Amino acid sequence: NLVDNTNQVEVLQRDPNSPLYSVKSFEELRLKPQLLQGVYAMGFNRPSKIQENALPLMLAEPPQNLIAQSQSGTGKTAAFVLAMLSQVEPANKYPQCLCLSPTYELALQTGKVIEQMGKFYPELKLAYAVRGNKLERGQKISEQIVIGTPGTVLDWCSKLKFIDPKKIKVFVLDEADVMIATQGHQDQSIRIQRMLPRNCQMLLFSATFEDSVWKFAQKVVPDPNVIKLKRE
């Protein structure tokens, strides 16, 4: 499950003079009860190293944007699923959170994590905007979270009129480094992003972080907090 890391998180806060780091419990985060219960059901106990700094920023009042770098098994996914689930209102039957995955097979993987952690949200439903979904033109998605690969997601927001992107509250880009390396994905994501509202929360996660990826991250996450955790 969690990968070990002696190292420390480096944190560039969006606001230099507004220190607000480090939660050492989930109970501190003032999650909705059904979200904390979700967490509990998953067996989590303490936030992970990356989560300890990442969650207070993402779940700030109001939420803040983030570029985060940490290796596999640090808890990135868990952290952003919490992020999306805490903004979602199931009452409202239309997409509010939008997660981009570099592949089909991860779009589903992350989906499962969303479904498991959102277990106690009544009527929470997920759409998968990925290769080979069945949807006919004319339809409009009533699922409150959408996960998928950038091209199909872009179609749903534009061409096909499936999602109104002006209504999304949280946008996640998982695995930036892999994303960019895939044909089409960078431009696709930029195109999605640009049509999200100003107040949308943007979050971006990568394992690696070379200059291509950093410069991409800057186009996509305005006014970011940046977090790095050196690999071990």
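Residue positions are given as counts along the sequence shown, with the first one as 1.
The question of which stretch, 220-228 or 6-14, has the higher mean Cα B factor is settled in favour of 6-14. The deposited CA B-factor of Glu115 belongs to the middle third of values across its chain.
Compared with the other modelled residues of the chain, the Cα B-factor recorded for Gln144 ranks in the lowest third. The deposited CA B-factor of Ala68 belongs to the lowest third of values across its chain. Split the chain's modelled residues into thirds by C-alpha temperature factor. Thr182 is in the lowest one.
Per the deposited record, the Cα B-factor of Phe162 falls in the middle third when ranked against the other modelled residues of its chain.
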